[PDB]
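Quick notes on the structure that follows.
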Amino acid sequence: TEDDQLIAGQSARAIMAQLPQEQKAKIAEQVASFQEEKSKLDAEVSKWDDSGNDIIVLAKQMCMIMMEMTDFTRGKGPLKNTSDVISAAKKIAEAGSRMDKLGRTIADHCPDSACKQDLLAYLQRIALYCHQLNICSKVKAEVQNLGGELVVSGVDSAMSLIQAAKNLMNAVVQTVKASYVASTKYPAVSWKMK
Amino acid sequence: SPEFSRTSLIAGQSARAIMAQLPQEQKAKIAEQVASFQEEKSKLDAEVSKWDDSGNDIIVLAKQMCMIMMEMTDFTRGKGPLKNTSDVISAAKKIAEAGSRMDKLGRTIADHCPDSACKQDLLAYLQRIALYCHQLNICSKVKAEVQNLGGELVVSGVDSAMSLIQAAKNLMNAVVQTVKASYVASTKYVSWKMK
Ligand SMILES: [Br-]
Ligand SMILES: [Br-]
Ligand SMILES: [Br-]
Ligand SMILES: [Br-]
Ligand SMILES: [Br-]
């Protein structure tokens with residue numbers, strides 16, 4: 001069942017590690033773009049103490065699984081086969097579903113309409129990009145006929161996966177910010193500065 | 001480009017699908033090997049045509065091995081029922097178990113043969129059955145390879161395919177020689193009924 005999922009006879013991560021430099025460089029540019037969004041999330045969560053704030057806890061744990069996926073597109077990290085990437089997406093979607101519950105509780109107890117709506121829209125983005133990560137995690141690198149050779153291309157699947165993670169990262173940042181704001185207009189979530 | 005299909009369900013390109021689109025330079029070397037395999041398989045067709053399969057489990061087993069072996073050579077061309085590497089491996093396993101059963105029956109025929117030369121000839125061919133079954137098992141596990149060349153990661157299935165086919169060709173030749181020799185060693189005193 002491991003050899004069910006090989007591409008051209010090798011593990012998915014091994015294929016990413018052997019992609020031609022041009023593909024690897026296009027992937028690296030997306031990864032660097034991803035690290036900018038991770039920078040915004042690190043700066044936001046570092047404002048808050050994670051005791052009694054599972055939103056912050058879940059944000060950090062979603063971010064750390066996305067880094068495993070980001071590493072996978074470079075042929076590194078713990079995710080070896082497609083099934084591992086799928087399962088990592090699944091964990092992220094679970095954490096997002098838990099973040100969405102907490103966030104909706106905060107929203108319902110908020111009577112500031114514009115703050116309510118902003119929070120709820122960011123929680124839709126969490127759902128959207130958790131789904132997108134699930135979808136993108138099932139797209140394997142592909143084999144293409146080019147000039148009488150069979151060549152491996154994984155750049156498109158890697159970049160779509162990274163792009164979904166970038167967007168999810170941004171949705172988490174907005175959700176953290178908007179959850180704190182909505183709370184100050186009211187709690188299972190304590191917003192203690194660090 | 002190789003056909004996408006549902007794999008274990010998400011889209012993927014299976015080993016059989018990859019064989020099916022190998023560059024025609026790779027496919028030409030494989031066809032050459034399959035042609036010489038076909039020659040050996042003819043010789044089995046002629047030999048087992050000459051006999052009735054009732055009570056002759058030697059001949060029953062020989063057509064069983066031939067049919068699975070054709071599934072394997074078809075795989076190297078992107079055809080037949082073996083889709084995944086694990087299918088090629090399990091096909092080699094069932095060939096090996098058939099060969100085990102053929103070896104068993106063969107060795108009892110040999111041990112009841114009073115012509116010493118004919119006994120030894122039969123036993124020699126049975127040794128080839130056992131060696132070539134093991135060797136087909138080995139070759140069934142060889143995967144395609146990828147190599148960074150030309151600024152591309154390029155796929156090649158030539159070497160696993162040719163190795164699989166040469167293994168099946170050796171075993172095919174051993175099986176037909178084993179039938180011819182099982183009968184000869186039977187003449188010297190499993191039913192060898194024609195038609
Ligand atoms: Br390169
Ligand atoms: Br490219
Ligand atoms: Br609340
Ligand atoms: Br297929
Ligand atoms: Br054939």
Side-chain angles (χ1 to χ4, degrees), chain A residues 3 6-10 142-152, chain B residues 1-5 12-49 62-92 94-96 128 131-147 149-150 152-177:
Chain A
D3 290 12
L6 290 324
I7 309 96
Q10 287 217 249
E142 77 189 299
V143 183
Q144 300 174 352
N145 268 284
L146 169 56
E149 32 188 31
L150 231 55
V151 312
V152 181
Chain B
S1 306
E3 249 199 325
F4 280 84
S5 60
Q13 276 152 319
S14 70
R16 178 185 63 219
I18 293 199
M19 301 310 280
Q21 290 313 317
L22 291 177
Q24 205 81 29
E25 153 139 22
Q26 300 196 22
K27 297 191 170 197
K29 310 170 192 237
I30 286 161
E32 220 183 303
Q33 275 324 110
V34 174
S36 100
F37 166 83
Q38 296 269 43
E39 290 176 322
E40 290 311 316
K41 183 227 170 244
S42 315
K43 304 207 231 133
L44 183 49
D45 287 337
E47 181 55 47
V48 293
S49 73
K63 307 156 125 161
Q64 203 203 325
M65 293 162 81
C66 181
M67 173 268 323
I68 304 178
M69 268 187 277
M70 282 188 300
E71 297 181 353
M72 294 179 161
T73 69
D74 272 353
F75 166 92
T76 71
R77 304 191 295 113
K79 322 197 174 293
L82 313 171
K83 187 191 177 189
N84 294 316
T85 301
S86 66
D87 296 329
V88 195
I89 290 160
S90 94
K94 275 306 143 291
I95 284 165
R128 310 188 180 178
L131 291 180
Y132 287 138
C133 280
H134 180 231
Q135 254 279 305
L136 187 64
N137 277 340
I138 291 170
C139 293
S140 84
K141 294 166 185 52
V142 179
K143 313 136 209 280
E145 58 189 318
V146 287
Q147 304 141 340
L149 65 96
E152 303 296 348
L153 183 66
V154 316
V155 175
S156 163
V158 192
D159 285 340
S160 60
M162 287 196 313
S163 265
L164 192 69
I165 297 160
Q166 177 81 38
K169 168 163 90 59
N170 298 339
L171 173 66
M172 189 60 81
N173 182 278
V175 171
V176 47
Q177 298 293 63

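Convention: sequence-line order gives letters A, B, ...; per-chain numbering from 1.
- Here B:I165 contributes atom CD1 and B:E32 contributes atom CD; the two are 10.5 Å apart, rounded to the nearest 0.5 Å.
- B:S156 is not listed as a side-chain neighbour of A:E149, based on a closest heavy-atom distance of 4.5 Å or more.
- Between the side chain of B:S14 and the backbone N or O of B:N84 there is no donor-acceptor pair closer than 3.5 Å.
- Side-chain atoms of B:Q166 and B:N170 form a donor-acceptor pair, as typed in the model, at a separation below 3.5 Å.
- Across B:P81 and B:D87, no two heavy atoms sit closer than the pair O-OD2, 4.4 Å.
- Listed by first and then second residue, the salt bridge (charged side-chain N to carboxylate O under 4.0 Å, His left out) pairs involving residues 66-85 of chain B are B:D74-B:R77 (not counting sequence neighbours).
- Taking CD1 of B:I95 as the start and NE2 of B:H134 as the end, the distance is 14.5 Å to the nearest 0.5 Å.
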>> side-chain contact (heavy atoms from CB on, under 4.5 Å) for B:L22 and B:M19? Distances and angles first, verdict last.
In response: CA-CA 5 Å; B:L22 291 177; B:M19 301 310 280; 3.8 Å; yes

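- Using a 4.5 Å cut-off on side-chain heavy atoms (C-beta onward), B:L82 and B:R16 make no contact.
- Nearest heavy-atom pair, B:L171 versus B:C133, reported as atom, atom and distance to 0.1 Å: CD1-SG, 3.9 Å.
- The closest side-chain heavy-atom distance from B:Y132 to B:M172 is not below 4.5 Å.
- Atoms CE and CE, on B:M67 and B:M65 in that order, are 11.0 Å from each other to the nearest 0.5 Å.
- In terms of heavy atoms, A:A8 sits closest to B:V146 at CB-CG1, 3.9 Å.
- Between B:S160 and B:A144 the shortest heavy-atom distance is OG-N, 4.0 Å.
- Take B:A20 and apply the side-chain contact (heavy atoms from CB on, under 4.5 Å) test, not counting sequence neighbours, and it matches no residue.
- Put simply, the side chain of B:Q33 never gets that close to the backbone of B:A161: no donor and acceptor are under 3.5 Å apart.
- With hydrogens and angles disregarded, a donor-acceptor distance shorter than 3.5 Å links the side chain of B:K141 to the backbone of B:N137.
- Shown here is B:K29, whose NZ atom has no more than 12 heavy atoms of other residues, nucleotides or ligands within 6.0 Å.
- Checked by atom type and distance alone, the side chain of B:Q13 pairs as donor or acceptor with a backbone atom of B:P2 at under 3.5 Å.
- Residue pairs satisfying the salt bridge (charged side-chain N to carboxylate O under 4.0 Å, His left out) criterion with at least one member in residues 161-172 of chain B, sequence neighbours excluded, are absent.
- In plain terms, the two heavy atoms of B:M72 and B:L136 that are nearest each other are SD-CD2, 3.8 Å.
- A salt bridge links B:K143 with A:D3: at least one charged nitrogen is closer than 4.0 Å to a carboxylate oxygen.
- Between A:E142 and B:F4, the shortest heavy-atom contact is CB-CZ, 3.8 Å.
- For the pair B:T76 (side chain) and B:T73 (backbone), a donor-acceptor distance under 3.5 Å is present.
- Rounded to the nearest 0.5 Å, atoms CZ (B:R128) and CD (B:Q135) are 14.5 Å apart.
- Put simply, the side chain of A:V151 does not reach to within 4.5 Å of the side chain of B:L153, judged on heavy atoms.
- Annotation for B:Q147: atom CD counts as buried by contact number, over 12 foreign heavy atoms lying within 6.0 Å.
- Note that CD of B:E40 and CG of B:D45 are 11.5 Å apart. Values are rounded to the nearest 0.5 Å.
- For the pair B:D159 and B:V142, the minimum side-chain heavy-atom distance is 4.5 Å or more.
- One distance of note links CD1 of B:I30 with CD of B:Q24; it measures 10.0 Å at 0.5 Å rounding.
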